[PDB]
Amino acid sequence: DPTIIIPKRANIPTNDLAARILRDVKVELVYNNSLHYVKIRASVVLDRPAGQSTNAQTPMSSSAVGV
Amino acid sequence: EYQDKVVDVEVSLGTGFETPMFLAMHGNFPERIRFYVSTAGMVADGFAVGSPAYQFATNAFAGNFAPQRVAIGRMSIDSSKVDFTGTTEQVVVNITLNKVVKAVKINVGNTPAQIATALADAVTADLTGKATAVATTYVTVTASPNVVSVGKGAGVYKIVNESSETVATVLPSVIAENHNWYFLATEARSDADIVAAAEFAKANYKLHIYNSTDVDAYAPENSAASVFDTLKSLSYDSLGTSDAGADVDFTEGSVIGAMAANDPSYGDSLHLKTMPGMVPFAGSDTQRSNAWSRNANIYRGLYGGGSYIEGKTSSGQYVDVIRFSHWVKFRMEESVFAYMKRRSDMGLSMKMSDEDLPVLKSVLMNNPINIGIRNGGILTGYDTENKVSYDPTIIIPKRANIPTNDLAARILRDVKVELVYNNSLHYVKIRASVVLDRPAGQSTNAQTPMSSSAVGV
Amino acid sequence: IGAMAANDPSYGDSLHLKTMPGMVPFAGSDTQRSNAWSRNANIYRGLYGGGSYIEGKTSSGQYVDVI
Amino acid sequence: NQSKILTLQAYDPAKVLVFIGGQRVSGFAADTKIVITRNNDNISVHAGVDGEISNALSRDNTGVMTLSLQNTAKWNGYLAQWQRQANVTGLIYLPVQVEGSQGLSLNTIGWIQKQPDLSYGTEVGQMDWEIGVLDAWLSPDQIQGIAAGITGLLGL
Amino acid sequence: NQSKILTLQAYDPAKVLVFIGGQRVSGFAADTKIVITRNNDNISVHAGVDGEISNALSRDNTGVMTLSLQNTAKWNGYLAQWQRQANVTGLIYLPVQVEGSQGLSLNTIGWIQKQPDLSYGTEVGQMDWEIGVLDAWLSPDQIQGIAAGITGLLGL
Amino acid sequence: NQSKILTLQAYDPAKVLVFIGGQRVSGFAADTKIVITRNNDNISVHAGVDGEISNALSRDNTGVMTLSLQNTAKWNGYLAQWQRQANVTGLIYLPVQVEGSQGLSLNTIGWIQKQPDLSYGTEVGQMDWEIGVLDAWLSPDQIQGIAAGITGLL
């Protein structure tokens with residue numbers, strides 16, 4: 001999300017008050033990229049679509065052993 | 001990078017888990033543990049086709065629960081022995097200097113001695129001037145710093161690698177190195193080696209799997225002369241099963257292929273699961289009983305298919321229970337450890353006070369417990385025979401009960417948990433009845449059946 | 001030092017389990033870990049995929065957070 | 001048994017994507033975005049003279065898709081222009097895709113069936129476009145663990 | 001994505017102009033000024049004997065337009081006089097135009113279909129005139145950026 | 001355990017500035033000053049007979065902000081003139097920003113929804129202009145700290 005910060009009167013140096021200048025205002029943005037190149041990986045089967053295991057359990061996301 | 005094609009389309013035609021570790025005898029690399037993702041990776045490293053490691057790897061990836069990554073242990077090889085005992089074209093696949101596939105061939109009275117010496121003669125200059133072979137029924141083969149691998153190609157002969165390095169000392173070396181493996185397997189099928197591996201496995205909380213061709217497995221129930229007896233007598237836990245092809249292709253991989261991806265949280269048993277690569281057991285009815293009392297599982301074919309039987313371990317405990325206990329331990333300390341680390345990274349590390357200790361109930365109920373209840377591994381509810389509930393409970397000490405010594409050492413203990421395991425179904429019995437004349441009649445007593453007798457004295 | 005500079009002692013937080021971005025996990029078996037501990041020689045140890053600093057005992061044996 | 005959460009992430013109406021011709025559609029209204037329905041049942045049953053039951057599969061799979069939009073959306077003008085062009089020339093068939101969230105999805109070829117009725121009133125009105133689609137079989141697609149489940153069903 | 005305002009200026013019911021014969025119409029009532037609807041669907045579908053679907057464009061484009069007025073408006077008398085004159089002589093066709101605000105518009109030739117029913121009660125009543133129109137295709141017209149969007153749609 | 005003060009600075013109502021169209025609003029009435037409420041629940045729940053439950057996320061963030069002003073403030077005339085001008089021309093949207101003292105904030109686009117009643121009596125009355133906002137999400141921009149990533153054992 002964009003953010004904006006504005007100085008408060010307690011942080012303006014006395015010199016800038018004489019010159020009447022405000023600075024250190026800060027903004028933040030994120031740019032959105034377009035798409036240029038795309039790659040495809042096609043596959044043509046000949047005899048039978050590849051079979052899959054009958055393991056109907058939910059696929060675990062991590063290994064129990066961690067040492 | 002430059003891409004000439006804005007859109008690229010390459011066409012082709014015809015196209016975590018608990019990783020095991022197999023401790024082989026070889027010298028194809030200097031390290032002591034290497035991870036492979038397919039047999040095609042092992043051949044590049046100079047492993048002969050049909051070699052002990054090659055057979056184990058292909059069986060593991062062929063199961064419904066393949067691990068998709070395997071570890072290979074390394075032990076020094078001093079000699080390899082090819083035994084032609086038994087009546088038997090006999091191709092022997094060899095690889096030398098990791099740069100040639102010397103598939104020597106023999107064709108053949110027909111006694112082993114003829115082929116035994118014939119192959120040794122064929123080995124000479126069959127190049128091959130960097131290795132030696134000496135006959136004697138069997139031939140001894142030895143390398144010089146040349147990688148030499150021998151693998152079965154046909155015939156009845158078998159491969160027997162040999163090494164002076166003892167398993168009992170190697171295992172500590174391979175665990176000091178990368179330890180991300182669960183199943184333990186070896187090719188040192190001597191009686192001493194199996195026992196030593198079993199003892200190590202239970203100390204480091206690994207699972208030991210092995211196969212035996214010993215005929216004493218199903219010897220009469222009163223005779224104790226097999227490995228199964230020794231392991232049983234020591235109250236070890238190891239999933240030993242008796243098979244005939246174990247000593248040719250090392251079918252340990254097939255068993256692992258049916259368990260690597262099986263999540264323990266479901267309480268799923270190993271009973272009746274298929275083992276692609278094994279062969280039906282040919283013993284008679286009495287032999288099956290003898291092996292059962294031995295706690296030596298068998299792979300028996302029924303109604304055309306093949307099915308494992310009873311998954312019992314050496315000590316008599318069911319394997320699924322053993323697996324469940326390890327899963328609870330491993331995935332209970334991990335969740336607590338992970339929560340503690342997150343707190344310390346923020347600077348707000350946990351402190352032993354009554355205001356924070358209670359939080360551990362939410363942590364334990366989150367990762368290990370609730371996952372085990374959705375999948376049905378953990379029972380809940382109320383029992384009317386015992387009149388006792390089955391709900392998990394957790395107790396946490398309060399700051400007033402921690403001894404002053406533990407405060408200095410910063411240790412918390414006496415945390416207690418309670419669980420109930422859910423059993424699968426193995427055997428079912430039916431009592432059918434066929435009527436011939438009339439379905440059995442019943443009394444016209446339409447009163448509600450009384451549940452007790454009035455007289456009680 | 002990067003894990004202590006901004007950590008004010010007033011919270012009583014310690015160096016246990018803190019992550020050091022750039023060190024390498026200790027490899028020496030498990031007994032070697034025991035020898036170092038008696039030496040008051042802390043080690044960087046990897047567990048569950050990450051890296052964790054274990055105990056900040058000083059040379060005299062007193063914990064660093066106390067000092 | 002106790003209570004259980006059916007999914008892990010909540011169903012989000014904005015995550016449902018509707019594509020007509022190749023452009024996402026925006027401007028939905030009220031509390032119903034799209035409604036997908038069939039025209040005929042999948043199987044018709046016939047009774048016999050001695051208890052036999054004969055079932056016949058249907059070979060028609062057309063359906064309807066009601067799109068609810070505000071009368072302040074530009075897609076109203078897009079659809080009106082497309083309707084006029086189709087009437088003038090003859091091309092009426094355009095692709096239609098709906099990517100559901102935690103639910104069934106659709107991918108077929110559709111056409112404009114009936115123009116809705118405007119109603120200028122005190123509040124902002126609602127226009128409902130009936131889009132007819134060739135095939136109306138919903139596809140599990142994103143939902144995982146379906147191939148294994150299908151082979152689990154027994155029957156004879 | 002977050003929320004978004006569909007337009008810049010709010011829809012205003014008084015900005016909707018209705019012209020019959022060449023004069024603006026005033027005297028609307030209740031919470032519904034006009035309702036524009038068609039009589040038949042744009043395309044009728046037919047099933048085949050082996051799965052083929054055949055579509056036929058409709059060539060009838062007549063519709064209805066319900067005008068809601070109070071029974072204290074002079075346009076009631078205007079319409080009654082026009083109806084009597086049309087019955088006597090034969091001229092029944094007059095132009096009809098509706099200029100919508102932030103919405104679709106209409107421009108065609110219409111006629112008076114059915115006279116409403118009076119109802120003198122405690123409160124002030126409502127009369128609804130059905131005006132039939134030759135062509136009932138709504139036109140984007142005021143809405144901008146439609147020509148570019150029309151060429152954007154893909155289809156085969 | 002000892003009682004702890006929450007914030008080192010007291011809550012000053014004069015630091016809660018209200019900006020509509022770029023001008024500061026002055027002349028608020030007594031008791032409450034700003035009331036911000038949503039219109040519908042954030043998450044709806046579909047309870048099942050067996051026990052399975054599923055939730056949906058609301059995509060509507062319309063809200064109503066109530067401003068209370070005295071009868072003698074010029075901002076009443078300002079709002080009346082703005083209402084008339086928006087009615088005749090058509091443009092009805094203007095920015096609205098609220099800055100909290102030690103609380104949450106708000107910054108969206110708003111419009112005048114309902115005009116308040118005007119009573120005349122012995123005492124000076126109060127008129128509550130009802131302002132609607134496109135989105136009613138309160139923002140914790142003023143408070144410093146990022147613990148949302150730290151929190152959450154989901």
# chains A, B, ... in the order shown; residues from 1 in each chain; ligands from 1

call {"tool": "residues_around", "arguments": {"residues": "range 42-59 of chain B", "least_positions_apart": "6", "cutoff": "9 Å", "atoms": "only C-alpha atoms", "output": "number ranges by chain"}}
result
B: 22-25, 28-29, 36, 66, 70, 72, 93-99, 101, 147-153, 159, 187, 248-257, 276-277

call {"tool": "select_by_dssp", "arguments": {"residues": "range 62-148 of chain D", "states": "alpha helix (DSSP H)", "output": "ChimeraX atom specification"}}
result
/D:74-88,147-148

call {"tool": "closest_atom_pairs", "arguments": {"of": "range 81-111 of chain D", "to": "range 30-39 of chain D", "cutoff": "12 Å", "atoms": "only C-alpha atoms", "output": "JSON lines"}}
result
{"residue": "D:97", "atom": "CA", "partner": "D:36", "partner_atom": "CA", "distance": 11.9}
{"residue": "D:98", "atom": "CA", "partner": "D:34", "partner_atom": "CA", "distance": 9.5}
{"residue": "D:99", "atom": "CA", "partner": "D:34", "partner_atom": "CA", "distance": 11.7}
{"residue": "D:100", "atom": "CA", "partner": "D:34", "partner_atom": "CA", "distance": 10.7}
{"residue": "D:104", "atom": "CA", "partner": "D:36", "partner_atom": "CA", "distance": 10.7}
{"residue": "D:105", "atom": "CA", "partner": "D:36", "partner_atom": "CA", "distance": 10.2}
{"residue": "D:106", "atom": "CA", "partner": "D:36", "partner_atom": "CA", "distance": 9.3}

call {"tool": "interface_residues", "arguments": {"of": "chain F", "to": "chain A", "cutoff": "12 Å", "atoms": "only C-alpha atoms", "output": "mmCIF file with N, CA and C atoms, in the first residue's frame"}}
result
data_model
loop_
_atom_site.group_PDB
_atom_site.id
_atom_site.type_symbol
_atom_site.label_atom_id
_atom_site.label_comp_id
_atom_site.auth_asym_id
_atom_site.auth_seq_id
_atom_site.Cartn_x
_atom_site.Cartn_y
_atom_site.Cartn_z
ATOM 1 N N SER F 139 -7.651 2.751 9.547
ATOM 2 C CA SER F 139 -6.247 2.507 9.266
ATOM 3 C C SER F 139 -5.374 2.827 10.475
ATOM 4 N N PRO F 140 -4.534 1.886 10.908
ATOM 5 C CA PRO F 140 -3.626 2.154 12.029
ATOM 6 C C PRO F 140 -2.299 2.746 11.582
ATOM 7 N N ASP F 141 -2.346 3.868 10.862
ATOM 8 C CA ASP F 141 -1.119 4.444 10.322
ATOM 9 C C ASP F 141 -0.301 5.155 11.396
ATOM 10 N N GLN F 142 -0.972 5.793 12.359
ATOM 11 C CA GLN F 142 -0.260 6.610 13.338
ATOM 12 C C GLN F 142 0.536 5.749 14.315
#

call {"tool": "residues_around", "arguments": {"residues": "residue 75 in chain B", "least_positions_apart": "4", "cutoff": "9 Å", "atoms": "only C-alpha atoms", "output": "PDB file with N, CA, C and O atoms, in the first residue's frame"}}
result
ATOM      1  N   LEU B  23      22.535 -48.464   2.638  1.00  0.00           N
ATOM      2  CA  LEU B  23      23.972 -48.504   2.900  1.00  0.00           C
ATOM      3  C   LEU B  23      24.593 -49.576   2.016  1.00  0.00           C
ATOM      4  O   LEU B  23      24.549 -50.765   2.335  1.00  0.00           O
ATOM      5  N   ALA B  24      25.182 -49.151   0.904  1.00  0.00           N
ATOM      6  CA  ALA B  24      25.783 -50.068  -0.050  1.00  0.00           C
ATOM      7  C   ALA B  24      27.296 -50.118   0.130  1.00  0.00           C
ATOM      8  O   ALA B  24      27.904 -49.258   0.773  1.00  0.00           O
ATOM      9  N   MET B  25      27.901 -51.151  -0.449  1.00  0.00           N
ATOM     10  CA  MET B  25      29.350 -51.289  -0.490  1.00  0.00           C
ATOM     11  C   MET B  25      29.831 -50.878  -1.876  1.00  0.00           C
ATOM     12  O   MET B  25      29.513 -51.542  -2.868  1.00  0.00           O
ATOM     13  N   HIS B  26      30.600 -49.793  -1.948  1.00  0.00           N
ATOM     14  CA  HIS B  26      31.084 -49.295  -3.228  1.00  0.00           C
ATOM     15  C   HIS B  26      32.063 -48.157  -2.977  1.00  0.00           C
ATOM     16  O   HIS B  26      32.321 -47.774  -1.834  1.00  0.00           O
ATOM     17  N   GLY B  27      32.608 -47.626  -4.066  1.00  0.00           N
ATOM     18  CA  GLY B  27      33.514 -46.499  -4.026  1.00  0.00           C
ATOM     19  C   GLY B  27      33.329 -45.485  -5.133  1.00  0.00           C
ATOM     20  O   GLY B  27      34.307 -44.850  -5.538  1.00  0.00           O
ATOM     21  N   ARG B  32      30.022 -39.914   1.922  1.00  0.00           N
ATOM     22  CA  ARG B  32      29.379 -41.070   2.529  1.00  0.00           C
ATOM     23  C   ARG B  32      27.864 -41.063   2.390  1.00  0.00           C
ATOM     24  O   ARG B  32      27.229 -42.072   2.711  1.00  0.00           O
ATOM     25  N   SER B 163      33.629 -56.613   2.166  1.00  0.00           N
ATOM     26  CA  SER B 163      34.374 -55.463   2.651  1.00  0.00           C
ATOM     27  C   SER B 163      34.831 -55.729   4.074  1.00  0.00           C
ATOM     28  O   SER B 163      34.117 -56.369   4.848  1.00  0.00           O
ATOM     29  N   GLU B 165      35.349 -53.318   6.229  1.00  0.00           N
ATOM     30  CA  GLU B 165      34.798 -52.281   7.090  1.00  0.00           C
ATOM     31  C   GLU B 165      33.523 -52.791   7.747  1.00  0.00           C
ATOM     32  O   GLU B 165      32.644 -53.338   7.073  1.00  0.00           O
ATOM     33  N   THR B 166      33.419 -52.612   9.064  1.00  0.00           N
ATOM     34  CA  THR B 166      32.297 -53.150   9.822  1.00  0.00           C
ATOM     35  C   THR B 166      31.181 -52.112   9.904  1.00  0.00           C
ATOM     36  O   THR B 166      31.447 -50.919  10.079  1.00  0.00           O
ATOM     37  N   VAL B 167      29.938 -52.572   9.787  1.00  0.00           N
ATOM     38  CA  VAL B 167      28.772 -51.694   9.768  1.00  0.00           C
ATOM     39  C   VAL B 167      28.664 -50.939  11.084  1.00  0.00           C
ATOM     40  O   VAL B 167      28.322 -49.751  11.102  1.00  0.00           O
ATOM     41  N   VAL B 170      30.571 -47.791  10.845  1.00  0.00           N
ATOM     42  CA  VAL B 170      30.243 -46.876   9.759  1.00  0.00           C
ATOM     43  C   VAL B 170      29.016 -46.043  10.094  1.00  0.00           C
ATOM     44  O   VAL B 170      28.980 -44.839   9.808  1.00  0.00           O
TER      45      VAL B 170
END

call {"tool": "interface_residues", "arguments": {"of": "chain F", "to": "chain E", "cutoff": "9 Å", "atoms": "only C-alpha atoms", "output": "ChimeraX atom specification"}}
result
/F:59-61,87,89-93,134-135

call {"tool": "write_last_selection", "arguments": {"atoms": "N, CA and C atoms", "output": "PDB file, in the first residue's frame"}}
result
ATOM      1  N   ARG F  59     -17.546  -8.007   0.104  1.00  0.00           N
ATOM      2  CA  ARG F  59     -16.888  -7.114  -0.840  1.00  0.00           C
ATOM      3  C   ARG F  59     -17.472  -5.705  -0.812  1.00  0.00           C
ATOM      4  N   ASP F  60     -18.347  -5.415   0.148  1.00  0.00           N
ATOM      5  CA  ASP F  60     -18.989  -4.112   0.267  1.00  0.00           C
ATOM      6  C   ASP F  60     -18.477  -3.423   1.525  1.00  0.00           C
ATOM      7  N   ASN F  61     -17.965  -2.202   1.365  1.00  0.00           N
ATOM      8  CA  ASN F  61     -17.397  -1.442   2.470  1.00  0.00           C
ATOM      9  C   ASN F  61     -18.104  -0.108   2.681  1.00  0.00           C
ATOM     10  N   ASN F  87     -26.880  18.964  -6.592  1.00  0.00           N
ATOM     11  CA  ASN F  87     -28.167  18.599  -7.164  1.00  0.00           C
ATOM     12  C   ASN F  87     -28.305  19.168  -8.573  1.00  0.00           C
ATOM     13  N   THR F  89     -25.953  20.469 -10.751  1.00  0.00           N
ATOM     14  CA  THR F  89     -24.971  20.028 -11.737  1.00  0.00           C
ATOM     15  C   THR F  89     -24.901  18.507 -11.838  1.00  0.00           C
ATOM     16  N   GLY F  90     -24.524  17.834 -10.755  1.00  0.00           N
ATOM     17  CA  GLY F  90     -24.461  16.385 -10.781  1.00  0.00           C
ATOM     18  C   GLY F  90     -23.274  15.776 -10.061  1.00  0.00           C
ATOM     19  N   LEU F  91     -22.179  16.523  -9.942  1.00  0.00           N
ATOM     20  CA  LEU F  91     -20.999  16.018  -9.250  1.00  0.00           C
ATOM     21  C   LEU F  91     -21.240  16.047  -7.745  1.00  0.00           C
ATOM     22  N   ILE F  92     -21.160  14.880  -7.107  1.00  0.00           N
ATOM     23  CA  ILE F  92     -21.535  14.730  -5.707  1.00  0.00           C
ATOM     24  C   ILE F  92     -20.418  14.155  -4.848  1.00  0.00           C
ATOM     25  N   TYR F  93     -19.259  13.853  -5.424  1.00  0.00           N
ATOM     26  CA  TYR F  93     -18.188  13.184  -4.702  1.00  0.00           C
ATOM     27  C   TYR F  93     -17.101  14.179  -4.321  1.00  0.00           C
ATOM     28  N   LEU F 134     -17.212   5.708   0.805  1.00  0.00           N
ATOM     29  CA  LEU F 134     -17.067   4.582  -0.113  1.00  0.00           C
ATOM     30  C   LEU F 134     -16.542   3.348   0.611  1.00  0.00           C
ATOM     31  N   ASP F 135     -15.479   3.507   1.390  1.00  0.00           N
ATOM     32  CA  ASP F 135     -14.897   2.422   2.165  1.00  0.00           C
ATOM     33  C   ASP F 135     -14.765   2.888   3.609  1.00  0.00           C
TER      34      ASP F 135
END

call {"tool": "select_by_dssp", "arguments": {"residues": "chain D", "states": "strand (DSSP E or B)", "output": "VMD selection string"}}
result
chain D and resid 4 to 5 11 17 to 20 23 to 24 28 34 to 38 43 to 47 53 to 57 63 to 70 94 to 99 105 to 114 118 to 121 126 to 133 139

call {"tool": "residues_around", "arguments": {"residues": "range 67-80 of chain D", "least_positions_apart": "5", "cutoff": "9 Å", "atoms": "only C-alpha atoms", "output": "VMD selection string"}}
result
(chain D and resid 25 to 30 32 to 35 85 112 115 118 124 to 131) or (chain E and resid 6 to 7 11 101 to 104 137 to 141 143 to 147 149 to 150)

call {"tool": "write_last_selection", "arguments": {"atoms": "N, CA and C atoms", "output": "short mmCIF file (atom, residue, chain, number, x, y, z; two decimals), in the first residue's frame"}}
result
data_model
loop_
_atom_site.label_atom_id
_atom_site.label_comp_id
_atom_site.auth_asym_id
_atom_site.auth_seq_id
_atom_site.Cartn_x
_atom_site.Cartn_y
_atom_site.Cartn_z
N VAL D 25 -15.22 -9.16 -16.94
CA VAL D 25 -16.46 -8.40 -16.85
C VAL D 25 -16.59 -7.82 -15.45
N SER D 26 -16.86 -6.52 -15.38
CA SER D 26 -17.04 -5.83 -14.11
C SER D 26 -18.33 -5.02 -14.16
N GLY D 27 -18.98 -4.90 -13.01
CA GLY D 27 -20.22 -4.15 -12.92
C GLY D 27 -21.38 -4.95 -12.36
N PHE D 28 -21.08 -6.01 -11.62
CA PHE D 28 -22.12 -6.84 -11.05
C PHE D 28 -22.90 -6.07 -9.99
N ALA D 29 -24.08 -6.60 -9.64
CA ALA D 29 -25.01 -5.86 -8.81
C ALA D 29 -25.71 -6.80 -7.83
N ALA D 30 -26.33 -6.19 -6.82
CA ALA D 30 -27.23 -6.85 -5.86
C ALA D 30 -26.45 -7.95 -5.14
N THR D 32 -26.34 -11.41 -6.27
CA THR D 32 -26.25 -12.60 -7.11
C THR D 32 -25.50 -12.21 -8.38
N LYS D 33 -24.29 -12.73 -8.55
CA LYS D 33 -23.49 -12.37 -9.71
C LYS D 33 -23.94 -13.14 -10.95
N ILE D 34 -23.81 -14.46 -10.91
CA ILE D 34 -24.14 -15.32 -12.04
C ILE D 34 -24.96 -16.50 -11.54
N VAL D 35 -25.80 -17.04 -12.41
CA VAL D 35 -26.57 -18.25 -12.13
C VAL D 35 -26.45 -19.15 -13.35
N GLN D 85 -24.34 -6.00 -34.11
CA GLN D 85 -23.41 -6.50 -35.12
C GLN D 85 -23.77 -7.93 -35.52
N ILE D 112 -25.64 -14.66 -26.92
CA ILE D 112 -26.60 -13.79 -26.26
C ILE D 112 -28.00 -14.27 -26.60
N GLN D 115 -32.41 -10.01 -24.51
CA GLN D 115 -32.05 -8.72 -23.95
C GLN D 115 -32.92 -8.41 -22.74
N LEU D 118 -35.04 -2.58 -19.29
CA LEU D 118 -34.68 -1.42 -18.50
C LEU D 118 -35.85 -1.00 -17.61
N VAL D 124 -31.20 2.88 -8.36
CA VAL D 124 -30.48 2.38 -9.52
C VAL D 124 -30.95 0.97 -9.85
N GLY D 125 -31.31 0.77 -11.12
CA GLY D 125 -31.92 -0.47 -11.54
C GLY D 125 -30.95 -1.61 -11.77
N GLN D 126 -31.46 -2.75 -12.20
CA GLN D 126 -30.67 -3.96 -12.42
C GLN D 126 -31.09 -4.58 -13.75
N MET D 127 -30.11 -4.96 -14.56
CA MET D 127 -30.37 -5.65 -15.82
C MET D 127 -29.74 -7.03 -15.79
N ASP D 128 -30.51 -8.03 -16.22
CA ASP D 128 -30.12 -9.44 -16.17
C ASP D 128 -30.02 -9.97 -17.59
N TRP D 129 -28.81 -10.29 -18.03
CA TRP D 129 -28.58 -10.83 -19.36
C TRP D 129 -28.63 -12.36 -19.30
N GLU D 130 -29.43 -12.96 -20.16
CA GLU D 130 -29.42 -14.42 -20.33
C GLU D 130 -28.41 -14.76 -21.42
N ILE D 131 -27.35 -15.46 -21.04
CA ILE D 131 -26.34 -15.94 -21.97
C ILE D 131 -26.47 -17.45 -22.08
N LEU E 6 -18.35 3.37 -10.02
CA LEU E 6 -18.62 3.01 -11.41
C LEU E 6 -18.57 4.23 -12.32
N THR E 7 -19.15 5.34 -11.88
CA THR E 7 -19.20 6.54 -12.71
C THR E 7 -18.64 7.75 -11.97
N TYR E 11 -26.58 9.12 -11.17
CA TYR E 11 -27.76 8.99 -12.01
C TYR E 11 -28.90 9.82 -11.43
N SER E 101 -29.96 8.66 -18.83
CA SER E 101 -28.81 9.25 -18.15
C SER E 101 -27.94 8.14 -17.60
N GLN E 102 -26.68 8.10 -18.04
CA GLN E 102 -25.73 7.06 -17.66
C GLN E 102 -26.32 5.67 -17.91
N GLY E 103 -27.00 5.55 -19.04
CA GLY E 103 -27.65 4.30 -19.39
C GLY E 103 -28.02 4.29 -20.85
N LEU E 104 -28.63 3.18 -21.26
CA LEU E 104 -29.00 2.98 -22.65
C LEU E 104 -30.19 3.86 -23.01
N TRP E 137 -34.22 -2.09 -29.77
CA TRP E 137 -32.80 -2.30 -29.51
C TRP E 137 -32.25 -1.05 -28.82
N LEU E 138 -31.69 -1.24 -27.63
CA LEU E 138 -31.16 -0.11 -26.88
C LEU E 138 -29.79 0.30 -27.42
N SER E 139 -29.55 1.61 -27.47
CA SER E 139 -28.33 2.13 -28.09
C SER E 139 -27.40 2.73 -27.05
N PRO E 140 -26.12 2.34 -27.06
CA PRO E 140 -25.17 2.93 -26.11
C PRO E 140 -25.03 4.44 -26.25
N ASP E 141 -25.03 4.95 -27.48
CA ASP E 141 -24.95 6.38 -27.79
C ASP E 141 -24.07 7.22 -26.84
N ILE E 143 -22.69 6.83 -24.00
CA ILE E 143 -21.56 6.15 -23.39
C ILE E 143 -20.38 6.15 -24.35
N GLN E 144 -19.22 6.58 -23.87
CA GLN E 144 -18.03 6.73 -24.69
C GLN E 144 -17.16 5.48 -24.57
N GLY E 145 -16.22 5.35 -25.51
CA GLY E 145 -15.31 4.22 -25.49
C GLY E 145 -15.99 2.89 -25.75
N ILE E 146 -16.95 2.87 -26.66
CA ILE E 146 -17.65 1.65 -27.02
C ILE E 146 -17.16 1.09 -28.36
N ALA E 147 -16.84 1.97 -29.30
CA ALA E 147 -16.36 1.53 -30.61
C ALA E 147 -15.06 0.74 -30.47
N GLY E 149 -14.04 -0.84 -27.75
CA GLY E 149 -14.29 -2.07 -27.01
C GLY E 149 -14.91 -3.16 -27.87
N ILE E 150 -15.76 -2.76 -28.82
CA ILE E 150 -16.44 -3.74 -29.66
C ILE E 150 -15.44 -4.53 -30.49
#

call {"tool": "residues_around", "arguments": {"residues": "residue 60 in chain E", "least_positions_apart": "6", "cutoff": "10 Å", "atoms": "only C-alpha atoms", "output": "VMD selection string"}}
result
chain E and resid 38 to 42 134 to 136

call {"tool": "write_last_selection", "arguments": {"atoms": "N, CA and C atoms", "output": "PDB file, in the first residue's frame"}}
result
ATOM      1  N   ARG E  38     -38.942  -6.366 -24.265  1.00  0.00           N
ATOM      2  CA  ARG E  38     -39.158  -7.014 -25.547  1.00  0.00           C
ATOM      3  C   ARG E  38     -40.300  -8.014 -25.445  1.00  0.00           C
ATOM      4  N   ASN E  39     -40.707  -8.538 -26.601  1.00  0.00           N
ATOM      5  CA  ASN E  39     -41.757  -9.544 -26.656  1.00  0.00           C
ATOM      6  C   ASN E  39     -41.238 -10.959 -26.851  1.00  0.00           C
ATOM      7  N   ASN E  40     -40.177 -11.144 -27.629  1.00  0.00           N
ATOM      8  CA  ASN E  40     -39.618 -12.463 -27.877  1.00  0.00           C
ATOM      9  C   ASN E  40     -38.119 -12.428 -27.624  1.00  0.00           C
ATOM     10  N   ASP E  41     -37.550 -13.611 -27.420  1.00  0.00           N
ATOM     11  CA  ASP E  41     -36.113 -13.725 -27.240  1.00  0.00           C
ATOM     12  C   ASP E  41     -35.392 -13.478 -28.563  1.00  0.00           C
ATOM     13  N   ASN E  42     -34.098 -13.189 -28.464  1.00  0.00           N
ATOM     14  CA  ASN E  42     -33.299 -12.918 -29.651  1.00  0.00           C
ATOM     15  C   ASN E  42     -32.962 -14.176 -30.437  1.00  0.00           C
ATOM     16  N   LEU E 134     -41.802  -0.033 -32.481  1.00  0.00           N
ATOM     17  CA  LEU E 134     -41.353  -0.859 -33.596  1.00  0.00           C
ATOM     18  C   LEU E 134     -40.050  -1.573 -33.281  1.00  0.00           C
ATOM     19  N   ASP E 135     -38.980  -0.811 -33.075  1.00  0.00           N
ATOM     20  CA  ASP E 135     -37.694  -1.410 -32.757  1.00  0.00           C
ATOM     21  C   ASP E 135     -37.340  -1.139 -31.301  1.00  0.00           C
ATOM     22  N   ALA E 136     -36.873  -2.185 -30.617  1.00  0.00           N
ATOM     23  CA  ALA E 136     -36.596  -2.091 -29.191  1.00  0.00           C
ATOM     24  C   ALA E 136     -35.148  -2.431 -28.875  1.00  0.00           C
TER      25      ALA E 136
END

call {"tool": "atom_distance", "arguments": {"atom1": "CA of residue 66 in chain C", "atom2": "CA of residue 44 in chain C"}}
result
20.5 Å

call {"tool": "residues_around", "arguments": {"residues": "residue 6 in chain C", "least_positions_apart": "5", "cutoff": "12 Å", "atoms": "only C-alpha atoms", "output": "list in words"}}
result
residues 346 and 347 of chain B; 1, 11 and 13 of chain C

call {"tool": "interface_residues", "arguments": {"of": "chain B", "to": "chain D", "cutoff": "12 Å", "atoms": "only C-alpha atoms", "output": "count of residues only"}}
result
13
